[PDB]
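Novice: can you look at this? It's an experimental structure, sequence on top.
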Protein chains: 2
Amino acid sequence: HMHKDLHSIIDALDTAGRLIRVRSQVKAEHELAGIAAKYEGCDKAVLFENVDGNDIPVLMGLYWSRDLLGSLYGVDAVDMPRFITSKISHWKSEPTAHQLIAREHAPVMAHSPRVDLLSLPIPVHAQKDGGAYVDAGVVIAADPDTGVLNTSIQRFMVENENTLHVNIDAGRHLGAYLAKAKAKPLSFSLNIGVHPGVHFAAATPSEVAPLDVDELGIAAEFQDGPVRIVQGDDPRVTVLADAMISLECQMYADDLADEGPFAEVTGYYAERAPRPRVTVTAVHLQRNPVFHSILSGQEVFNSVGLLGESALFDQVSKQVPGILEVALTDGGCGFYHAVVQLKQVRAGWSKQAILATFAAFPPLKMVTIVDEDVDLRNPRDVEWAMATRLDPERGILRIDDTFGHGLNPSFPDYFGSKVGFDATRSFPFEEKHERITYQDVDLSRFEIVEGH
Amino acid sequence: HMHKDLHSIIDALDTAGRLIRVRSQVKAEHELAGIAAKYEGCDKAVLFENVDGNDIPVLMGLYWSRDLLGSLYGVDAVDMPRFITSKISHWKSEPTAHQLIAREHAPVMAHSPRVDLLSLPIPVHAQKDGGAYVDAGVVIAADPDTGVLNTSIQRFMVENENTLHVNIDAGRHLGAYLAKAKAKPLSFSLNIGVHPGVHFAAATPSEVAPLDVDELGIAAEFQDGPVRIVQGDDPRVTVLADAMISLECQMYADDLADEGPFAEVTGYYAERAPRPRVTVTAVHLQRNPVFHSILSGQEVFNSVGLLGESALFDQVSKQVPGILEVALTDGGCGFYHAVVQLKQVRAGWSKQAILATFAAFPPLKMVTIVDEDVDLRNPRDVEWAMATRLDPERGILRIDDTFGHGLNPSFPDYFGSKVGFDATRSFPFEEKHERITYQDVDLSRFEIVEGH
Ligand SMILES: Cc1cc2c3c(c1C)C(C)(C)CC=[N+]3c1c([nH]c(=O)[nH]c1=O)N2C[C@H](O)[C@H](O)[C@H](O)COP(=O)(O)O
Ligand SMILES: Cc1cc2c3c(c1C)C(C)(C)CC=[N+]3c1c([nH]c(=O)[nH]c1=O)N2C[C@H](O)[C@H](O)[C@H](O)COP(=O)(O)O
Ligand SMILES: [Mn+2]
Ligand SMILES: [Mn+2]
Ligand code: NA
Ligand code: NA
């Protein structure tokens, strides 16, 4: 249950019968994403064997099911956030130095075609996206002053066969490395089709891996041995050796061009706007490369939840007794709604749980508290807790004029109202709140034919 | 797409591949319900071929999927509430008189064993239920003064081989017929394994079918020809001829015995308490009888929602422009949460929608309003509307000290607080609230191998 590269992942999923093979030709323009969309969240990913008759298949849906990600590393869905956090803790405490290797030993350096981005089966995802996007690509970039690596993930729109337009949010580390090159232009690699270890490194936030620190070793914790890197053709760039595809790239500051629209976590479109142009100097491919894309939605909600929930639980359970679990629900775009599950020990702690949760995760708009006997990850079950337990008069806590996330239109200019719901039963515990219960049953204990 | 009896239903489901056959022996005590519970809500019912080696199999889960009920009558899940209401309208306007038939022509009169309730595979459902229950049984009872029929559905607990304890809520028509016999004791039949038409007749509320009116003709609207009835052995009683099983029963007023606990719609237990004892005078069975039981949960939520939603929609759309649909959600126990979907035409109507909905359905605790582009029946999607569109400051409307449903512990003594959520986008419509969209795609148009 360790994985060197995406090949390992796909074979494991294929073997486990958690792969959906779409054998028919599909169009990279809208149709592919459309099919993905009908499967979003089920316990399998999707391999498109034939995209516009490309030799290169595309994989989508790797991140939309915690059960699937768990199966790849042998952990239950419920234990995955702790699993990942424990591994990031081990990296912080004893980092594994990368292994630099010779160009002709690096599987990704197998081929170097003349740069034609339109030869790649890059999907146009949502119906109003401003073009085809690579959105699963991990950017590795060296500090122009100190050579220290930074690993981030960023959406790149294809303009033409050799140009991308990239979105760099405010306070991103890639942003800061560009500021340094603009005191001299910034080279980097875009590594498409990486294993989850690289994905989690890329998505690890600033306060876990500061600017002056190399988060890529996080990936080493999810594979035997160290992360393999390789000198590019640049040579200011460093390439991920075990990537399916890797793009050597260069970008000048103060050189903007229209990119977007694209889907945001909110489920709304980004504004099309002038954002940095990046020019693709070279292309490297394994033999039998699969192109990896992410469908905006649960794939992103789970990326954020798996990395963020353990810290949040840690912060709330430290301030409040009897906390059991915290969910950054998919309904809330893995960012705007937290459900906190606790075992009450005294009246009043449920409200402290609301304060602690809102204080620990500034983007949150809603917090719901529920008891140990409610499934915090089932929105039906939280609705039920609201319907039978919430006191609308005393259990709704509203915070006005507070800081929040500006992408969410409930928070114009990073400013608005938050609300907590205390959907707990009354304490001390009373019979009138004791839930009915059906015997728990192993279905393998019986012969069951379900439809034919 | 018409059905004379339960046999018709089961064959149609079997043919349609919407039947789950559990072939292994299962225990009527807890185990059976436990298996049902793992399937609750999916697009199939469950036939248990072998319950404690009884010759009689049991059917469960007929009502937990509107898609399944729709498939039986050729209507989409979305059109089923209107379908049922239209048919009850036709019955109110032009009722079909019943067909009385000779004892030896009535399939249910095939056999009349010595009365042994413990020979029947009657499930003990929830782990703290006070015994085995028949809960899908339709009671037919004649007015002791006027002979006019009343059809209701009531939970009966088995005490011993010839005695049941029944729960009769306040203001039930069976209650009123008992008050009349107690001016002279009340006979009636308990008809188990009936088609949905009989179920909907039984569940049709007081204000649609008054005390002095015979609701059983409603069933005639869901079958070719009239409802077949037959003289019992009593002979103050009337039996449903096409039932799988029918129990001739007698009950004296002021003759109480401990019954319960049992699951209520809330998902909590009823208080065990002195409630009327009923004594089973005779038992009738088809050959090839199947015993029909209901799992407390979605089976009950859909019974209430399918009968109630059209009236509620009718009442709200009359007072407010742009109403499209109203859901009595399963999270709210088909009773405590209504989601109202509308197409906004002017600021302010969303709040009138909250007032109209609360006014039209007194049990409601929560109302949520959403726009045309949110799936009101998907709790994830309503959570999303809450996360991105609700203004917590101006969009939460709280009503205190109002009437509500006493079974819900948020409303002690039929008194408490209600709350409406206005999770609509801003009007006039703005780009920042336009949801991303993936192309709609027919999956039958492609070769897809899904796991193996
Ligand atoms: C998980 C994830 C994170 C995205 C992201 C996506 C995903 C799935 C996409 C691909 C679906 C859409 C695009 N994303 C962008 C993004 N940050 C950014 O500046 N621009 C982006 O366009 N991020 C966030 C960024 O990669 C993380 O916050 C890193 O932790 C930042 O790295 P750093 O701390 O080294 O700066
Ligand atoms: C759908 C449904 C309705 C139940 C019901 C259930 C279901 C599934 C069960 C079986 C799961 C639990 C028990 N139920 C009872 C009940 N009414 C009552 O007085 N006592 C009950 O125990 N009802 C409702 C009752 O039958 C309806 O209110 C009828 O409209 C009454 O007919 P009436 O208007 O002629 O009185
Ligand atoms: Mn960093
Ligand atoms: Mn009636
Ligand atoms: Na990072
Ligand atoms: Na009735």
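Specialist: Here it is on my side, so go on. Numbering: from 1, shown residues only, chains lettered A, B, ... in the order given. Ligands and ions are numbered 1, 2, ... in the order given.

Novice: residue A:356 sits in which helix or strand?
Specialist: Under the criterion of DSSP states H and E, residue A:356 resides in helix A:349-360.

Novice: in PDB, could you pull the C-alpha coordinates for that helix?
Specialist: These are the backbone C-alpha positions of helix A:349-360, laid out as PDB (Å, rounded to 0.1, in the frame of the first residue of the first chain):
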ATOM      1  CA  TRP A 349     -20.000  23.200  25.700                       C
ATOM      2  CA  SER A 350     -21.900  22.900  22.400                       C
ATOM      3  CA  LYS A 351     -21.900  26.700  22.100                       C
ATOM      4  CA  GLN A 352     -18.100  26.900  22.900                       C
ATOM      5  CA  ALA A 353     -17.700  24.300  20.100                       C
ATOM      6  CA  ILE A 354     -19.300  26.800  17.700                       C
ATOM      7  CA  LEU A 355     -17.000  29.700  18.800                       C
ATOM      8  CA  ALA A 356     -13.900  27.400  18.600                       C
ATOM      9  CA  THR A 357     -14.800  26.100  15.100                       C
ATOM     10  CA  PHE A 358     -15.500  29.600  13.600                       C
ATOM     11  CA  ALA A 359     -12.200  30.900  15.200                       C
ATOM     12  CA  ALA A 360     -10.100  28.100  13.800                       C
END
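
Novice: give me the residue at the spatial middle of chain A.
Specialist: In chain A, the residue lying closest to the centroid (Cα atoms, centre = their mean) is residue A:303, at 2.4 Å.

Novice: what sits against it?
Specialist: Applying Cβ atoms under 8 Å, 6 or more residues apart in numbering or on different chains, we find residue A:303 in contact with A:63, A:199, A:200, A:203, A:334. All C-beta spots, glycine's among them, are computed from the backbone N, C-alpha and C.

Novice: likewise residue A:248?
Specialist: Taking Cβ under 8 Å, 6+ apart, one finds A:187, A:189, A:232, A:233, A:234, A:237, A:239, A:280, A:281, A:282, A:283, A:284 in contact with residue A:248.

Novice: got the CA coordinates for the longest helix out of those in chain A in PDB?
Specialist: In chain A, taking DSSP state H as the definition, the longest helix is helix A:298-319. Output of helix A:298-319 as PDB, limited to C-alpha atoms (Å, rounded to 0.1, in the frame of the first residue of the first chain):
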ATOM      1  CA  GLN A 298     -15.900  16.800  -4.800                       C
ATOM      2  CA  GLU A 299     -12.400  16.200  -6.200                       C
ATOM      3  CA  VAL A 300     -11.500  19.700  -4.800                       C
ATOM      4  CA  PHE A 301     -13.700  19.500  -1.700                       C
ATOM      5  CA  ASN A 302     -12.000  16.200  -0.500                       C
ATOM      6  CA  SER A 303      -8.500  17.700  -1.400                       C
ATOM      7  CA  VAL A 304      -9.200  20.500   1.100                       C
ATOM      8  CA  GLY A 305     -11.100  18.500   3.700                       C
ATOM      9  CA  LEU A 306      -8.500  15.700   3.900                       C
ATOM     10  CA  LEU A 307      -5.700  18.200   4.600                       C
ATOM     11  CA  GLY A 308      -7.700  20.700   6.800                       C
ATOM     12  CA  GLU A 309     -10.100  18.600   9.100                       C
ATOM     13  CA  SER A 310      -7.400  17.000  11.400                       C
ATOM     14  CA  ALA A 311      -6.000  20.500  12.300                       C
ATOM     15  CA  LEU A 312      -9.500  21.900  12.900                       C
ATOM     16  CA  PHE A 313     -10.500  18.800  15.000                       C
ATOM     17  CA  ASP A 314      -7.200  19.200  16.900                       C
ATOM     18  CA  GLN A 315      -7.900  22.900  17.600                       C
ATOM     19  CA  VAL A 316     -11.600  22.500  18.700                       C
ATOM     20  CA  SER A 317     -11.000  19.200  20.800                       C
ATOM     21  CA  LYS A 318      -8.200  21.100  22.700                       C
ATOM     22  CA  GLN A 319     -10.700  23.900  23.700                       C
END
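
Novice: how far does that helix sit from the chain's center?
Specialist: Counting by Cα atoms, centre = their mean, to the nearest Å, helix A:298-319 is centred 12 Å from the centre of its parent chain.

Novice: what lies in contact with the helix holding residue A:356?
Specialist: Under Cβ under 8 Å, 6+ apart, the answer for helix A:349-360 is A:311-312, A:315-316, A:319-323, A:326, A:338, A:340, A:342, A:344, A:364, A:367, A:369, A:397, A:399, A:418, A:420, A:422, A:424.

Novice: give the partner strands of the helix or strand just after that helix in its sheet and their orientations.
Specialist: Sequence order places strand A:366-371 as the next helix or strand after helix A:349-360, per DSSP H and E. Take DSSP bridges as the rule and strand A:366-371 pairs in its sheet with strand A:337-342 (parallel), strand A:415-422 (parallel).

Novice: and the angle for the helix or strand harbouring residue A:151 with helix A:298-319?
Specialist: Element membership of residue A:151 [criterion: DSSP H and E] is strand A:149-153. In terms of direction (axes from the mean of the first three to the mean of the last three Cα atoms, to 10 degrees), strand A:149-153 departs from helix A:298-319 by 110 degrees.

Novice: re the thing from before, next step: the contacts of residue A:248 restricted to helices.
Specialist: Within the contacts of residue A:248, no residue falls in helices by DSSP H.

Novice: list the contacts for the residue nearest to residue A:29 when sequence neighbours are not counted?
Specialist: The shortest distance from residue A:29 to any non-neighbouring residue, by Cβ to Cβ, 6 or more residues apart in numbering or on different chains, is to residue A:124 (4.8 Å). Residues in contact with residue A:124 (Cβ under 8 Å, 6+ apart) are A:28, A:29, A:30, A:33, A:131, A:132, A:133.

Novice: report how many residues lie close to the nearest residue to the fifth one once chain neighbours are set aside.
Specialist: Leaving out its chain neighbours, the residue that sits closest to residue A:131 by Cβ to Cβ, 6+ apart is residue A:157, at 4.8 Å. As a burial measure, residue A:157 scores 27 neighbours (other Cβ atoms under 10 Å in any protein chain shown).

Novice: what's the one helix or strand residue A:400 maps to packed up against?
Specialist: Element membership for residue A:400 (DSSP H and E) is strand A:396-403. Contact here means 3 or more Cβ pairs under 8 Å, 6 or more residues apart in numbering or on different chains; DSSP states H and E; on that basis strand A:396-403 packs against helix A:349-360, strand A:415-422, strand B:396-403.

Novice: what does the last one rub up against?
Specialist: In this case it means strand B:396-403. With Cβ under 8 Å, 6+ apart as the test, strand B:396-403 has contacts from A:392-393, A:396, A:398, A:419, B:351, B:354, B:358, B:362, B:390, B:414-422.

Novice: is it true that residue A:374 lies in a strand?
Specialist: No: applying DSSP: H, G, I helix; E, B strand; the rest coil, one finds residue A:374 to be coil, outside a strand.
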